[PDB]
Amino acid sequence: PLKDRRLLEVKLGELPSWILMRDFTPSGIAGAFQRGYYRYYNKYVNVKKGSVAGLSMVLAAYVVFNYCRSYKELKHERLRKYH
Amino acid sequence: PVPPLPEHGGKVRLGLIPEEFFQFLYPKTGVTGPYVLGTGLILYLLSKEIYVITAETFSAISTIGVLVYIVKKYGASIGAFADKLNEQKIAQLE
Amino acid sequence: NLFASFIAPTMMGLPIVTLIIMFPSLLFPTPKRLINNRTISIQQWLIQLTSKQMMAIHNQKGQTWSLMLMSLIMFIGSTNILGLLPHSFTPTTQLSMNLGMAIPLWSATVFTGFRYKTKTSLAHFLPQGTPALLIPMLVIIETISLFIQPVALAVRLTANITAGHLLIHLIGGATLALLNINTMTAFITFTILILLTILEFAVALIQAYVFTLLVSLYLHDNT
Amino acid sequence: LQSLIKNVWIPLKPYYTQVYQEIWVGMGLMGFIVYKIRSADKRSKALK
Amino acid sequence: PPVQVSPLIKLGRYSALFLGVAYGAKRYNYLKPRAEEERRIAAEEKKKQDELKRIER
Amino acid sequence: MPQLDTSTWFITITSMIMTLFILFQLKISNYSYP
Amino acid sequence: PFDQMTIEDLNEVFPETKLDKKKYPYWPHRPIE
Amino acid sequence: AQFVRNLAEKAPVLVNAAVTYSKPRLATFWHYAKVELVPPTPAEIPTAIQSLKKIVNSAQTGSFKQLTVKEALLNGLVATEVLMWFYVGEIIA
Amino acid sequence: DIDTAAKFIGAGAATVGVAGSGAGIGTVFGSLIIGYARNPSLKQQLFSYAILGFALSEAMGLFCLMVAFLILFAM
Amino acid sequence: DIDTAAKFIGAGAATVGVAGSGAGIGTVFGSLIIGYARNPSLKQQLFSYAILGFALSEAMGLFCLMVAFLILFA
Amino acid sequence: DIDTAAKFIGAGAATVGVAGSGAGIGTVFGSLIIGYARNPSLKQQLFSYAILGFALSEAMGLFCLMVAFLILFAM
Amino acid sequence: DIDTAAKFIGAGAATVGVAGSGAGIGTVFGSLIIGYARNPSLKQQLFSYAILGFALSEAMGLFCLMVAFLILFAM
Amino acid sequence: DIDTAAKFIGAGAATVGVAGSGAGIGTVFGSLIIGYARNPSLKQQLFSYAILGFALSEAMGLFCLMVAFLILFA
Amino acid sequence: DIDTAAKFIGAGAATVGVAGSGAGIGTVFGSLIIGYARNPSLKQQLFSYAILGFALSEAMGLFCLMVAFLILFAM
Amino acid sequence: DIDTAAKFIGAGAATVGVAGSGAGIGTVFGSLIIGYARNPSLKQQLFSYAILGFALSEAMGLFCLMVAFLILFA
């Protein structure tokens with residue numbers, strides 16, 4: 001009953017239908033990053049008894065980010081050659 | 001003209017990963033699918049050396065040990081601390 | 001082999017490192033309701049406190065810089081903590097950032113001191129009623145140890161930070177290497193590492209206070 | 001850019017004009033110095 | 001409260017397990033000699049470099 | 001000393017500026033009084 | 001109530017809590033007594 | 001000194017208590033793991049092979065292409081689950 | 001080799017800047033034990049002003065060790 | 001090369017300049033402990049008179065390390 | 001070998017940081033003597049800060065010493 | 001030439017005559033702290049007799065710096 | 001040999017430290033003097049604390065001398 | 001020749017002797033600042049003892065400085 | 001030669017473990033002064049203690065210098 005649905009709702013056959021019904025302009029990129037931040041915020045943070053997990057996630061994410069950034073310079077000391 | 005909040009949002013396992021994952025996975029393996037899933041993910045990363053081990057490993061271990069110590073010892077103290085500040089502003093105004 | 005962590009990163013040929021710097025900006029969100037959650041109430045209290053404490057001495061004119069000083073100290077206290085993590089980058093140890101954060105402030109203070117209070121600012125070069133035997137040998141010293149302000153004001157912080165990262169890297173490396181030999185030495189050095197880690201958690205804020213306090217009283221003088 | 005200016009020029013105006021007149025000069029000096037030093041090292045390595 | 005396997009997976013698992021066990025033993029056997037010899041010949045090379053710097057210090 | 005490979009100084013400085021004199025002066029400018 | 005309100009709502013209910021912008025144009029819009 | 005040694009004796013009692021608390025949680029894990037004391041039955045092999053052939057049927061004609069995402073995501077994640085055991089066997093190797 | 005031993009020497013020399021810190025440390029702790037012995041009340045601020053100097057001495061101690069390494073391992 | 005080994009020697013020697021600063025810093029902050037314990041009603045001025053000296057005595061070793069760097073890389 | 005020479009020399013001329021330890025020790029034990037002669041009551045708390053200083057100065061001592069034995073031969 | 005080598009080394013190990021000025025000024029300013037505490041109405045004369053000391057410490061601590069700069073540029 | 005020189009060079013330079021012993025014992029018996037001269041009822045107690053500090057710093061210096069020696073007879 | 005090397009080395013080394021001068025002078029003025037802080041009916045005699053101590057320390061440093069200049073311009 | 005200059009400079013270095021003993025003597029005497037100026041009646045014992053401290057510091061310096069003599073004639 002709807003053209004645009006949550007990408008999980010849509011099927012594989014109409015997969016490209018979803019890919020083409022949606023927009024791509026940078027404004028529609030900010031209007032996505034914002035939605036992500038605000039889902040996280042209003043679901044795990046803006047609550048009267050926020051916990052560690054309300055924060056630890058972004059930290060342990062930034063961690064993996066800056067690990068991926070560094071992969072190149074770390075292929076030079078693998079303790080074993082044939083992995 | 002503003003909305004209120006819940007009492008506590010999405011509950012979480014290990015303090016890091018959400019549970020909704022677990023339930024979404026309940027139908028097929030139920031309970032002991034996610035844990036072995038992660039164990040395998042990690043033994044894989046380690047085996048093929050997608051994650052080589054060095055000093056920074058132990059640095060991370062130490063920082064994390066410190067942090068969990070701190071929280072598991074001071075958490076609710078800080079929580080009541082903050083709720084106290086809130087009720088205190090409420091009163092000092094009220 | 002290990003200055004690596006200070007090398008400026010770009011995952012590819014693009015300008016990334018300007019994102020390692022604005023990330024903290026959102027570990028300190030802004031409130032819109034009157035009451036709010038914990039993570040905001042806490043920092044709010046913290047800031048009320050620290051201001052009421054440090055901006056006491058200053059006169060009324062000098063009380064216009066509260067924003068700048070507390071933002072400075074907040075930014076730096078964030079950066080120097082975050083940099084602790086396993087594989088994170090400290091955008092301060094890039095000496096250039098420290099120079100660009102030090103100089104303008106010191107210069108603008110001196111300029112407020114010489115735009116107004118000209119004779120008196122000039123006078124602070126000669127402590128009151130010193131022996132008239134040595135005047136030049138004193139108004140040389142004061143005027144050389146003035147220009148020395150920003151240089152140290154930056155370099156102190158810079159190298160202070162750097163040394164901790166370097167020391168932890170090296171201790172952990174020797175930890176693994178001794179683990180090759182034996183077990184107990186590794187635990188020795190690991191506990192050593194815990195101590196060092198705490199001490200760095202500490203200096204990383206001590207230096208912020210130092211910095212924005214030096215500046216505060218430099219404004220106290222030349223206001 | 002209208003949202004940008006209406007987010008970062010309504011509040012931050014009285015600061016850049018009344019107070020911070022004296023820091024921009026310092027930043028110009030900073031630019032002077034960085035130019036000088038980058039030029040010097042560019043020169044010295046152009047040699048080698 | 002255990003949840004009975006949707007048998008497809010109970011099948012798919014242990015097969016692959018023993019496949020991997022065989023793969024591992026095979027890799028070990030097939031790989032040992034090549035590395036042994038490359039390292040021993042590199043040892044010849046390093047002894048030669050040692051005597052080189054001995055005579056060409 | 002990689003703090004002396006001057007190539008990158010311009011961007012580091014400019015971004016430091018952008019941050020220290022824009023974002024925080026927005027956030028902290030909104031904090032409130034008891 | 002309180003939690004459903006904002007700072008402007010306090011401007012609304014209590015004008016004496018108002019942080020006036022004339023005698024103290026800057027932040028924190030008042031002195032530190 | 002001797003008091004620290006006495007504290008160690010109390011710590012040993014505490015360690016026994018730590019073992020005592022761990023065992024019921026472990027017993028719940030054991031209840032899930034107590035299903036098989038011998039290798040699995042070859043009775044449902046028919047069910048599994050037939051489900052496999054039905055998957056092949058859904059595949060060949062191009063009818064499974066009417067699925068929703070979440071289902072295929074789940075399927076692939078459990079596929080990779082099964083997969084990790086291959087590297088596990090390598091570990092044994 | 002010669003540059004190597006020279007690095008070694010420069011390192012063994014730069015090691016010594018720690019004595020200022022060791023001194024300042026013992027000094028300020030003595031000062032603290034005293035200012036408490038004759039005023040056991042305001043322990044809190046005494047301890048605060050103890051560690052704030054502790055830090056401002058270890059800073060320079062580690063300046064020196066840092067330059068030592070900076071030479072030894074990375075020129 | 002000797003012509004640079006000597007640079008290494010000189011810088012490693014001059015490193016130790018800041019030992020006097022280590023001292024002066026510790027000394028001053030102990031004296032501040034004391035003069036705050038005696039008449040606790042002057043913390044303020046007795047702090048403004050301490051970090052001033054901190055600045056002085058740090059500057060006068062940071063100069064020396066700057067000179068070591070200069071000798072090395074110039 | 002010249003590197004052997006510079007190694008032994010680095011060890012020696014870097015084993016000097018002990019001066020910090022010594023001076024701070026003297027100063028702390030003296031401050032104890034005095035603060036105690038004044039008030040003989042709080043001996044426990046006083047000796048506590050005393051041990052704090054004792055070990056915290058031996059700290060930098062062993063820092064310097066482990067750096068010495070770090071670059072003695074093993075590097 | 002090793003001539004310039006030891007010229008450099010001499011400047012470098014001669015600029016050490018400033019830790020004096022360091023500790024001297026530290027002690028001076030602490031003494032001023034106290035002698036202001038016990039007598040807060042002599043501020044003026046006190047600061048003057050403090051500057052008299054700070055100067056003639058800095059001067060004779062700086063002569064070593066100046067000697068290094070000299071011996072290097074000219075001789 | 002060149003190294004045979006560095007032997008004695010270092011085994012001699014490895015005693016620069018007893019400076020600490022000097023300054024310590026000085027300050028130590030100074031504070032002891034002042035003690036006995038402000039409250040003579042503590043003589044033995046503070047004498048014990050003094051011999052404590054004495055032994056401590058003397059040991060620091062003398063084990064530094066042992067360092068010197070083990071360098072000598074490497 | 002290397003004579004210049006060793007002479008520069010020994011001179012820039014011997015010139016350490018001014019550290020003690022700075023330190024002394026500082027301690028002197030500190031003690032004086034105190035003594036006057038408590039007891040201002042002594043200005044003249046105080047200042048006199050002060051100048052005497054200053055001169056003594058400065059001279060015990062001047063000896064080494066002057067003999068360093070000797071070793072340089074003479075040998 | 002090589003051992004000649006070696007021992008030369010080894011002793012010229014070990015001869016610096018004396019400034020600490022010197023300053024220690026000085027400080028112990030300053031402390032004696034103050035103590036006496038508080039309690040002018042226990043002069044005798046103050047002085048006994050002080051002369052002992054002098055014996056000790058002088059002993060330490062003399063050993064640090066006997067080191068140098070042995071280096072000379074090792």
# chains A, B, ... in the order shown; residues from 1 in each chain; ligands from 1

call {"tool": "closest_atom_pairs", "arguments": {"of": "chain A", "to": "chain H", "cutoff": "6 Å", "atoms": "only C-alpha atoms", "output": "JSON lines"}}
result
{"residue": "A:8", "atom": "CA", "partner": "H:69", "partner_atom": "CA", "distance": 5.2}
{"residue": "A:11", "atom": "CA", "partner": "H:68", "partner_atom": "CA", "distance": 4.2}
{"residue": "A:12", "atom": "CA", "partner": "H:65", "partner_atom": "CA", "distance": 5.8}
{"residue": "A:13", "atom": "CA", "partner": "H:65", "partner_atom": "CA", "distance": 5.6}

call {"tool": "calpha_fit_and_write", "arguments": {"fixed": "chain L", "moving": "chain K", "output": "short mmCIF file (atom, residue, chain, number, x, y, z; two decimals) with N, CA and C atoms, in the first residue's frame"}}
result
data_model
loop_
_atom_site.label_atom_id
_atom_site.label_comp_id
_atom_site.auth_asym_id
_atom_site.auth_seq_id
_atom_site.Cartn_x
_atom_site.Cartn_y
_atom_site.Cartn_z
N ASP K 1 85.06 18.15 10.41
CA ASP K 1 85.45 19.08 11.50
C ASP K 1 85.26 18.42 12.85
N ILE K 2 86.26 18.56 13.72
CA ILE K 2 86.14 18.12 15.10
C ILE K 2 85.94 19.35 15.98
N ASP K 3 86.52 20.47 15.56
CA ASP K 3 86.31 21.71 16.30
C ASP K 3 84.84 22.11 16.29
N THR K 4 84.14 21.88 15.18
CA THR K 4 82.70 22.11 15.16
C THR K 4 82.00 21.25 16.21
N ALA K 5 82.38 19.97 16.29
CA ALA K 5 81.81 19.08 17.28
C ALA K 5 82.00 19.63 18.68
N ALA K 6 83.25 19.97 19.02
CA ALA K 6 83.53 20.44 20.37
C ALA K 6 82.89 21.79 20.62
N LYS K 7 82.66 22.58 19.58
CA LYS K 7 81.96 23.85 19.75
C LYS K 7 80.52 23.62 20.16
N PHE K 8 79.81 22.78 19.39
CA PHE K 8 78.42 22.49 19.74
C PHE K 8 78.33 21.85 21.12
N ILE K 9 79.29 20.98 21.44
CA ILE K 9 79.25 20.29 22.73
C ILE K 9 79.52 21.26 23.87
N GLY K 10 80.48 22.16 23.69
CA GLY K 10 80.70 23.20 24.68
C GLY K 10 79.45 24.03 24.90
N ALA K 11 78.78 24.42 23.82
CA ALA K 11 77.55 25.19 23.95
C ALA K 11 76.54 24.44 24.81
N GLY K 12 76.20 23.22 24.40
CA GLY K 12 75.26 22.43 25.16
C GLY K 12 75.67 22.30 26.61
N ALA K 13 76.78 21.60 26.86
CA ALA K 13 77.17 21.27 28.22
C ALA K 13 77.63 22.47 29.03
N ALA K 14 77.61 23.67 28.45
CA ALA K 14 77.82 24.88 29.22
C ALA K 14 76.55 25.69 29.39
N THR K 15 75.47 25.30 28.71
CA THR K 15 74.17 25.93 28.89
C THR K 15 73.41 25.38 30.09
N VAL K 16 74.12 24.80 31.06
CA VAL K 16 73.49 24.17 32.22
C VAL K 16 73.37 25.09 33.43
N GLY K 17 74.22 26.11 33.54
CA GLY K 17 74.21 26.99 34.70
C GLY K 17 72.83 27.47 35.11
N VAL K 18 71.84 27.38 34.22
CA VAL K 18 70.45 27.69 34.53
C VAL K 18 69.95 27.04 35.81
N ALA K 19 70.59 25.96 36.26
CA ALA K 19 70.17 25.33 37.51
C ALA K 19 70.25 26.29 38.68
N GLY K 20 71.34 27.06 38.77
CA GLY K 20 71.44 28.07 39.82
C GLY K 20 70.24 29.00 39.80
N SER K 21 69.94 29.56 38.63
CA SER K 21 68.79 30.44 38.49
C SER K 21 67.52 29.77 39.00
N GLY K 22 67.24 28.57 38.51
CA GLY K 22 66.01 27.90 38.86
C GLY K 22 65.86 27.67 40.35
N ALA K 23 66.87 27.04 40.93
CA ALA K 23 66.83 26.75 42.36
C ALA K 23 66.66 28.02 43.18
N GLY K 24 67.48 29.04 42.91
CA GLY K 24 67.36 30.27 43.67
C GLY K 24 65.99 30.92 43.51
N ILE K 25 65.43 30.85 42.30
CA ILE K 25 64.10 31.37 42.06
C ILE K 25 63.09 30.69 42.96
N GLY K 26 63.08 29.36 42.94
CA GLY K 26 62.15 28.62 43.77
C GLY K 26 62.29 29.04 45.21
N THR K 27 63.53 29.06 45.68
CA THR K 27 63.77 29.31 47.10
C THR K 27 63.29 30.70 47.48
N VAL K 28 63.53 31.68 46.62
CA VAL K 28 63.18 33.06 46.93
C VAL K 28 61.67 33.24 46.94
N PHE K 29 60.99 32.75 45.90
CA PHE K 29 59.54 32.89 45.88
C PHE K 29 58.90 32.15 47.05
N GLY K 30 59.47 31.02 47.47
CA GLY K 30 58.95 30.35 48.65
C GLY K 30 59.14 31.18 49.90
N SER K 31 60.34 31.73 50.08
CA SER K 31 60.59 32.58 51.24
C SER K 31 59.62 33.74 51.26
N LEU K 32 59.26 34.25 50.08
CA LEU K 32 58.27 35.31 50.00
C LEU K 32 56.94 34.82 50.51
N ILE K 33 56.48 33.70 49.96
CA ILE K 33 55.20 33.14 50.37
C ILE K 33 55.11 33.08 51.88
N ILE K 34 56.19 32.62 52.51
CA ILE K 34 56.15 32.40 53.95
C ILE K 34 56.15 33.73 54.69
N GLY K 35 57.19 34.54 54.47
CA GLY K 35 57.27 35.82 55.16
C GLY K 35 56.02 36.66 54.98
N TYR K 36 55.30 36.44 53.87
CA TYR K 36 54.06 37.16 53.63
C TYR K 36 52.91 36.57 54.43
N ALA K 37 52.73 35.25 54.36
CA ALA K 37 51.73 34.59 55.18
C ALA K 37 51.83 35.04 56.63
N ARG K 38 53.04 35.33 57.11
CA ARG K 38 53.16 35.83 58.46
C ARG K 38 52.60 37.24 58.57
N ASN K 39 53.17 38.17 57.82
CA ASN K 39 52.86 39.59 57.97
C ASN K 39 52.44 40.17 56.62
N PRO K 40 51.16 40.51 56.42
CA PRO K 40 50.72 40.95 55.09
C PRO K 40 50.91 42.44 54.84
N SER K 41 51.71 43.10 55.66
CA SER K 41 51.81 44.55 55.60
C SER K 41 52.90 45.01 54.64
N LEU K 42 54.13 44.54 54.85
CA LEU K 42 55.28 45.12 54.19
C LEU K 42 55.50 44.57 52.78
N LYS K 43 54.40 44.19 52.13
CA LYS K 43 54.44 43.52 50.86
C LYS K 43 55.33 44.20 49.82
N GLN K 44 55.37 45.52 49.88
CA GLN K 44 56.15 46.29 48.92
C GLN K 44 57.64 46.05 49.11
N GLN K 45 58.14 46.33 50.31
CA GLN K 45 59.56 46.10 50.59
C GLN K 45 59.93 44.64 50.34
N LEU K 46 59.04 43.73 50.71
CA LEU K 46 59.32 42.31 50.51
C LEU K 46 59.44 41.99 49.03
N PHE K 47 58.45 42.39 48.24
CA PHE K 47 58.51 42.19 46.80
C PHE K 47 59.71 42.90 46.19
N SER K 48 60.21 43.94 46.85
CA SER K 48 61.39 44.63 46.33
C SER K 48 62.61 43.74 46.43
N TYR K 49 62.89 43.22 47.63
CA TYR K 49 63.97 42.24 47.73
C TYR K 49 63.71 41.05 46.83
N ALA K 50 62.44 40.74 46.58
CA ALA K 50 62.09 39.64 45.69
C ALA K 50 62.59 39.89 44.28
N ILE K 51 62.28 41.06 43.73
CA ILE K 51 62.77 41.42 42.40
C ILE K 51 64.29 41.47 42.38
N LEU K 52 64.89 42.00 43.46
CA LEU K 52 66.34 41.95 43.57
C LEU K 52 66.85 40.54 43.31
N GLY K 53 66.30 39.55 44.02
CA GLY K 53 66.77 38.18 43.83
C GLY K 53 66.47 37.65 42.45
N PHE K 54 65.24 37.85 41.99
CA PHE K 54 64.84 37.50 40.63
C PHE K 54 65.93 37.85 39.63
N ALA K 55 66.25 39.14 39.54
CA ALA K 55 67.15 39.58 38.49
C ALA K 55 68.59 39.24 38.82
N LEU K 56 68.96 39.23 40.10
CA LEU K 56 70.33 38.93 40.46
C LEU K 56 70.69 37.46 40.26
N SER K 57 69.72 36.56 40.22
CA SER K 57 69.96 35.17 39.87
C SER K 57 69.95 35.00 38.35
N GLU K 58 68.92 35.53 37.69
CA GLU K 58 69.00 35.59 36.24
C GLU K 58 70.31 36.21 35.78
N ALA K 59 70.98 36.97 36.64
CA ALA K 59 72.28 37.54 36.31
C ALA K 59 73.29 36.45 35.98
N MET K 60 73.62 35.61 36.97
CA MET K 60 74.55 34.52 36.72
C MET K 60 74.04 33.61 35.61
N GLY K 61 72.72 33.47 35.51
CA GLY K 61 72.16 32.73 34.39
C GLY K 61 72.69 33.25 33.07
N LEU K 62 72.47 34.55 32.83
CA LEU K 62 72.91 35.16 31.58
C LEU K 62 74.43 35.25 31.47
N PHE K 63 75.15 35.31 32.59
CA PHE K 63 76.60 35.17 32.53
C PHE K 63 76.99 33.88 31.82
N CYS K 64 76.53 32.76 32.37
CA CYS K 64 76.82 31.46 31.77
C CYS K 64 76.36 31.42 30.32
N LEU K 65 75.17 31.95 30.05
CA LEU K 65 74.62 31.86 28.70
C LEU K 65 75.44 32.67 27.70
N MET K 66 75.90 33.86 28.09
CA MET K 66 76.71 34.65 27.18
C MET K 66 78.08 34.03 26.99
N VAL K 67 78.61 33.32 27.99
CA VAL K 67 79.85 32.60 27.75
C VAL K 67 79.64 31.48 26.74
N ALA K 68 78.52 30.77 26.86
CA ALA K 68 78.18 29.76 25.87
C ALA K 68 78.17 30.38 24.48
N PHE K 69 77.30 31.36 24.26
CA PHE K 69 77.24 32.02 22.96
C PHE K 69 78.54 32.75 22.62
N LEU K 70 79.44 32.93 23.58
CA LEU K 70 80.75 33.50 23.31
C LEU K 70 81.62 32.50 22.56
N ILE K 71 81.65 31.26 23.04
CA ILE K 71 82.48 30.24 22.42
C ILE K 71 81.69 29.30 21.53
N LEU K 72 80.44 29.64 21.21
CA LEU K 72 79.67 28.81 20.28
C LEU K 72 80.38 28.72 18.94
N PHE K 73 80.40 29.82 18.21
CA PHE K 73 81.06 29.87 16.91
C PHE K 73 82.00 31.06 16.78
N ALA K 74 81.72 32.15 17.47
CA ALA K 74 82.36 33.44 17.26
C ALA K 74 83.77 33.52 17.81
N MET K 75 84.39 32.42 18.20
CA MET K 75 85.74 32.45 18.77
C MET K 75 86.62 31.38 18.13
#

call {"tool": "residues_around", "arguments": {"residues": "residue 59 (chain A)", "least_positions_apart": "5", "cutoff": "12 Å", "atoms": "only C-alpha atoms", "output": "PyMOL selection string"}}
result
(chain A and resi 52-54+64-66) or (chain B and resi 16+64) or (chain C and resi 23-24+26-27+81-88)

call {"tool": "interface_residues", "arguments": {"of": "chain O", "to": "chain M", "cutoff": "8 Å", "atoms": "only C-alpha atoms", "output": "PyMOL selection string"}}
result
chain O and resi 2-3+6-7+9-11+13-14+16-32+34-36+38-39+42+46+49-50+53+57+60+64+67-68+71

call {"tool": "interface_residues", "arguments": {"of": "chain F", "to": "chain G", "cutoff": "9 Å", "atoms": "only C-alpha atoms", "output": "list in words"}}
result
residues 29, 31, 32 and 33 of chain F

call {"tool": "write_last_selection", "arguments": {"atoms": "C-alpha atoms", "output": "short mmCIF file (atom, residue, chain, number, x, y, z; two decimals), in the first residue's frame"}}
result
data_model
loop_
_atom_site.label_atom_id
_atom_site.label_comp_id
_atom_site.auth_asym_id
_atom_site.auth_seq_id
_atom_site.Cartn_x
_atom_site.Cartn_y
_atom_site.Cartn_z
CA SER F 29 26.93 29.43 24.86
CA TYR F 31 24.40 26.29 29.07
CA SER F 32 22.24 27.73 31.81
CA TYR F 33 22.42 29.12 35.32
#

call {"tool": "select_by_dssp", "arguments": {"residues": "chain D", "states": "alpha helix (DSSP H)", "output": "ChimeraX atom specification"}}
result
/D:2-8,13-14,21-47

call {"tool": "atom_distance", "arguments": {"atom1": "CA of residue 46 (chain B)", "atom2": "CA of residue 91 (chain H)"}}
result
10.5 Å

call {"tool": "atom_distance", "arguments": {"atom1": "CA of residue 2 (chain C)", "atom2": "CA of residue 165 (chain C)"}}
result
10.1 Å

call {"tool": "atom_distance", "arguments": {"atom1": "CA of residue 32 (chain A)", "atom2": "CA of residue 30 (chain F)"}}
result
25.4 Å

call {"tool": "closest_atom_pairs", "arguments": {"of": "chain E", "to": "chain B", "cutoff": "12 Å", "atoms": "only C-alpha atoms", "output": "tab-separated table"}}
result
residue	atom	partner	partner_atom	distance
E:1	CA	B:31	CA	8.8
E:2	CA	B:30	CA	7.8
E:3	CA	B:30	CA	6.2
E:4	CA	B:29	CA	8.1
E:5	CA	B:29	CA	7.0
E:6	CA	B:28	CA	7.2
E:7	CA	B:28	CA	10.6
E:8	CA	B:28	CA	10.9
E:9	CA	B:29	CA	9.6
E:10	CA	B:29	CA	10.5

call {"tool": "residues_around", "arguments": {"residues": "region 2-17 of chain F", "least_positions_apart": "3", "cutoff": "6 Å", "atoms": "only C-alpha atoms", "output": "PyMOL selection string"}}
result
(chain C and resi 7+18+94+96-97) or (chain F and resi 20-21)

call {"tool": "residues_around", "arguments": {"residues": "residue 82 (chain A)", "least_positions_apart": "5", "cutoff": "10 Å", "atoms": "only C-alpha atoms", "output": "number ranges by chain"}}
result
B: 48-49; E: 31, 35

call {"tool": "write_last_selection", "arguments": {"atoms": "N, CA, C and O atoms", "output": "PDB file, in the first residue's frame"}}
result
ATOM      1  N   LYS B  48      43.517 -15.517  11.173  1.00  0.00           N
ATOM      2  CA  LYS B  48      44.076 -15.021   9.926  1.00  0.00           C
ATOM      3  C   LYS B  48      44.887 -13.747  10.106  1.00  0.00           C
ATOM      4  O   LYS B  48      45.407 -13.220   9.116  1.00  0.00           O
ATOM      5  N   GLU B  49      45.002 -13.243  11.332  1.00  0.00           N
ATOM      6  CA  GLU B  49      45.794 -12.049  11.619  1.00  0.00           C
ATOM      7  C   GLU B  49      45.245 -10.825  10.894  1.00  0.00           C
ATOM      8  O   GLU B  49      45.998 -10.001  10.373  1.00  0.00           O
TER       9      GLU B  49
ATOM     10  N   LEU E  31      52.929 -27.849   4.105  1.00  0.00           N
ATOM     11  CA  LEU E  31      53.651 -26.595   4.243  1.00  0.00           C
ATOM     12  C   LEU E  31      54.962 -26.731   5.003  1.00  0.00           C
ATOM     13  O   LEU E  31      55.918 -26.014   4.689  1.00  0.00           O
ATOM     14  N   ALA E  35      58.870 -24.259   4.120  1.00  0.00           N
ATOM     15  CA  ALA E  35      59.366 -23.258   5.051  1.00  0.00           C
ATOM     16  C   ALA E  35      60.661 -23.710   5.701  1.00  0.00           C
ATOM     17  O   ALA E  35      61.601 -22.916   5.855  1.00  0.00           O
TER      18      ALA E  35
END

call {"tool": "residues_around", "arguments": {"residues": "region 20-28 of chain D", "least_positions_apart": "5", "cutoff": "8 Å", "atoms": "only C-alpha atoms", "output": "PyMOL selection string"}}
result
(chain C and resi 100+103-105+107-109+111-112) or (chain D and resi 15)

call {"tool": "write_last_selection", "arguments": {"atoms": "C-alpha atoms", "output": "PDB file, in the first residue's frame"}}
result
ATOM      1  CA  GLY C 100      48.353  28.586  16.667  1.00  0.00           C
ATOM      2  CA  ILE C 103      50.159  33.022  20.095  1.00  0.00           C
ATOM      3  CA  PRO C 104      46.975  34.968  19.181  1.00  0.00           C
ATOM      4  CA  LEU C 105      45.789  34.976  22.784  1.00  0.00           C
ATOM      5  CA  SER C 107      49.458  38.785  21.609  1.00  0.00           C
ATOM      6  CA  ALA C 108      45.921  40.105  22.005  1.00  0.00           C
ATOM      7  CA  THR C 109      46.397  40.361  25.760  1.00  0.00           C
ATOM      8  CA  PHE C 111      47.738  44.527  22.798  1.00  0.00           C
ATOM      9  CA  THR C 112      44.929  45.284  25.215  1.00  0.00           C
TER      10      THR C 112
ATOM     11  CA  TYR D  15      32.134  38.668  20.222  1.00  0.00           C
TER      12      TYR D  15
END

call {"tool": "residues_around", "arguments": {"residues": "residue 18 (chain G)", "least_positions_apart": "3", "cutoff": "12 Å", "atoms": "only C-alpha atoms", "output": "ChimeraX atom specification"}}
result
/F:32-34 /G:7-15,21-24,29-30

call {"tool": "decode", "arguments": {"residues": "region 14-19 of chain H", "atoms": "N, CA and C atoms", "output": "mmCIF file, in the first residue's frame"}}
result
data_model
loop_
_atom_site.group_PDB
_atom_site.id
_atom_site.type_symbol
_atom_site.label_atom_id
_atom_site.label_comp_id
_atom_site.auth_asym_id
_atom_site.auth_seq_id
_atom_site.Cartn_x
_atom_site.Cartn_y
_atom_site.Cartn_z
ATOM 1 N N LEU H 14 36.110 -17.636 49.827
ATOM 2 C CA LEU H 14 35.398 -16.766 48.862
ATOM 3 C C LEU H 14 35.487 -17.380 47.464
ATOM 4 N N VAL H 15 36.648 -17.938 47.114
ATOM 5 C CA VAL H 15 36.833 -18.580 45.795
ATOM 6 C C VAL H 15 35.886 -19.779 45.686
ATOM 7 N N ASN H 16 35.728 -20.534 46.777
ATOM 8 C CA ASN H 16 34.787 -21.677 46.777
ATOM 9 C C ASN H 16 33.373 -21.146 46.540
ATOM 10 N N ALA H 17 33.033 -20.016 47.165
ATOM 11 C CA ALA H 17 31.710 -19.390 46.951
ATOM 12 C C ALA H 17 31.580 -18.963 45.487
ATOM 13 N N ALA H 18 32.666 -18.446 44.900
ATOM 14 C CA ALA H 18 32.646 -18.029 43.481
ATOM 15 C C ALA H 18 32.363 -19.252 42.609
ATOM 16 N N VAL H 19 32.995 -20.384 42.927
ATOM 17 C CA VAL H 19 32.712 -21.632 42.183
ATOM 18 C C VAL H 19 31.252 -22.007 42.424
#
